[PDB]
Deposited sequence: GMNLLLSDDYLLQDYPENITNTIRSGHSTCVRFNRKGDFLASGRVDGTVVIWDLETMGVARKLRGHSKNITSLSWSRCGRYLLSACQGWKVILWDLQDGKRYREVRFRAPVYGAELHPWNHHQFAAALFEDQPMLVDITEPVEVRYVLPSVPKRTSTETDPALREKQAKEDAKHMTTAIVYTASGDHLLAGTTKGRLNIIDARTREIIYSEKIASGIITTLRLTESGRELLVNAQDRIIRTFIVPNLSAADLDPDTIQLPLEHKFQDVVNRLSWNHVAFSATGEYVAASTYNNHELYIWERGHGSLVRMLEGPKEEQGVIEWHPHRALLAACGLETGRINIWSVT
């Protein structure tokens, strides 16, 4: 028995994200508005209008006081929800795939940009300080014949970063690229310390579990993957990123639109390109536990509640948010 406990709509939702206590849900819309829903009454607590193009990501501060939103219109904004204020604002030269707040410091974020270099931005003050982040390790000055340098550089430049998250401590960034690589970046040196090809297309989503010990990866090769994250923040060298499970549908050759971990990391959910279903697998043994049909529409971004077995999803056609109670 499928159970949809709530359907809400304010504009066409393109993204959703629960805060960490789970009493509030943020929604971003096609028109750039961001909506804060009070989950007790399921009504709108406030509307934030700072963007004018599709919201692409939402990231909450540890404390729930601040919310970082990004859009296709090249902008990232840090909202103060204590007063609804635009607390910080950073404009790039390209659409933002997504921007993530440092897990312990709402004054630093990392962003991945469409056809542009990924960025680490310090927003402690008003007039940010930006730092370019690397997509590819640095080659030595002597390793390539001069006659080959132009073509090698052109090829290296096809490696572009499409998704990025902080590790739990904030000391490293995990980034995905157009060439299916997972890069581990030291956030203080901004140098790549490890890189491994884990997929055979563009990496579109990265997400960590709460402890930061497991990584979920969506990529364009029709396969969802979880990995065991290495011991990084420890004082002890470059490192393995062992695959845990692959989740896929071989006979229907389904592609996955968005993916999400449940509160404890027990379940992985995904929405399906060009289909209406949501799929839920369990990470204990990798098996498929549920296929949800819900309404008759293709689903986009999905997000689990941080404490309870609730799965929210944005419809691509209607922009409604449906919330399933998952048993």
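Trainee: For this chain, which runs of the deposited sequence have no C-alpha coordinates, given in order from the N-terminus?
Mentor: Missing CA coords at 1-15, 252, 255-256.
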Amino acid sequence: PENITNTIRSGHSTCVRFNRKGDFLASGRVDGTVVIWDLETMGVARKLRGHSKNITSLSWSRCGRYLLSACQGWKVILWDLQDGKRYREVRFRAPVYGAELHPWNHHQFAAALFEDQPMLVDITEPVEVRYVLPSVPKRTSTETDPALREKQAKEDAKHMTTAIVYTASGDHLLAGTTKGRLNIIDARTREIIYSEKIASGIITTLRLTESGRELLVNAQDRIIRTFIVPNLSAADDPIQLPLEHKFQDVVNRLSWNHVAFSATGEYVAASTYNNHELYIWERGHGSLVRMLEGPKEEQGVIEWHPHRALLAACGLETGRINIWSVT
From here on, numbers count along this sequence of modelled residues.
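Trainee: Higher mean Cα B-factor in the deposited model: 87-95 or 205-213?
Mentor: Mean C-alpha B-factor is greater for 87-95.
Trainee: Can you let me know which of the two, 177-185 or 137-145, has the higher average C-alpha B-factor in the entry?
Mentor: Taking the mean B-factor of the alpha carbons in each, 137-145 is higher.
Trainee: Whose CA atom has the top B-factor in the entry, of 106, 246, 197, 172?
Mentor: Top of the list by C-alpha B-factor: 106.
Trainee: Could you say which of 160, 163, 229, 119 has its CA atom at the highest B factor, as listed in the PDB entry?
Mentor: In the PDB entry, the greatest C-alpha B-factor among 160, 163, 229, 119 is found at 119.
Trainee: Looking at the entry's B-factor column for C-alpha atoms only, identify whether residue 102 ranks in the lowest, middle or highest third of its chain.
Mentor: Its C-alpha B-factor belongs to the middle third of this chain's values.
Trainee: Considering only modelled residues of the same chain, in which third does the CA B-factor of residue 261 rank: lowest, middle or highest?
Mentor: Lowest third - that is where residue 261 ends up once the chain's C-alpha B-factors are sorted.
Trainee: Quick check for you: using the entry's CA B-factors within this chain, is residue 218 in the lowest, middle or highest third?
Mentor: Ranked within chain, residue 218 CA B lands in the lowest tercile.
Trainee: Please place residue 275 in the lowest, middle or highest third of its chain according to the CA B-factor in the PDB entry.
Mentor: Middle third by C-alpha B-factor.
Trainee: Splitting the chain's C-alpha B-factors into thirds, which one does residue 250 fall into?
Mentor: Top third by C-alpha B-factor.
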